[PDB]
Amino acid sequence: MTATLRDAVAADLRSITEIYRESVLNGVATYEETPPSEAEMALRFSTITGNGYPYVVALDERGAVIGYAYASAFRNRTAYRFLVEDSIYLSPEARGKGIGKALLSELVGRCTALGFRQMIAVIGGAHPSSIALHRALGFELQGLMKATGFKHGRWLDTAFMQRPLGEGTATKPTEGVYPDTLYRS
């Protein structure tokens, strides 16, 4: 079924927190070890959305949140302001249903519309399903940082992939409008 997506709101916090918790504990998509609290997750949500970045949820047929995705800074230094990084997390039972691709497509589309110019994915563990998802939406593998993570008793590689957004490098950004207005002080 075509996925059901909408922007995240505060009321989605429990589901977001629990989905992320499961990934923290069981996976290598995230290199965090201790699940954040809901209050920490709330700070992160407020920070991401306060910077104008998209933060979306996927819903099941009853309207319940079953996955989420957001864009944020790669690094919040000024010169990186036209670059975003994607993060995508689905609850286990929502996997294998095309929802990851819907979420990534949504982040790509939103960030293009908003005026960003490049997107990077930092793929924990170089997880093959995650690489495949990104490749299908036009990301290219840029490097493999070997044995950079250590989790679940093993060394992990970290893959870096990139996709241009919109005009990419072909034009200069529009001065004085979002996202050129990010990280200026």
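Quick note: we count residues from 1 along the sequence shown, nothing fancier.
J.: Determine, for stretches 142 to 150 and 55 to 63, which one has the higher mean CA B-factor as deposited.
T.: Higher of the two, by average CA B-factor, is 55 to 63.
J.: Going by the mean C-alpha B-factor recorded in the entry, which is higher: 89 to 97 or 68 to 76?
T.: It is 89 to 97 that shows the higher mean C-alpha B-factor.
J.: Can you tell me whether residue 173 has a C-alpha B-factor in the lowest, middle or highest third compared with the other modelled residues of the same chain?
T.: Highest third - that is where residue 173 ends up once the chain's C-alpha B-factors are sorted.
J.: Can you tell me whether residue 3 has a C-alpha B-factor in the lowest, middle or highest third compared with the other modelled residues of the same chain?
T.: As the PDB entry reports it, the C-alpha B-factor of residue 3 lands in the highest third of its chain.
J.: Sorting by Cα B-factor within the chain, modelled residues only, which third would residue 158 end up in: lowest, middle or highest?
T.: According to the entry, residue 158 has a C-alpha B-factor in the chain's lowest third.
J.: Compared with the other modelled residues in the chain, in which third is the CA B-factor of residue 118?
T.: Ranked within chain, residue 118 CA B lands in the lowest tercile.
J.: Compared with the other modelled residues in the chain, in which third is the CA B-factor of residue 131?
T.: Its C-alpha B-factor, which the entry lists for residue 131, ranks in the lowest third among residues of this chain.
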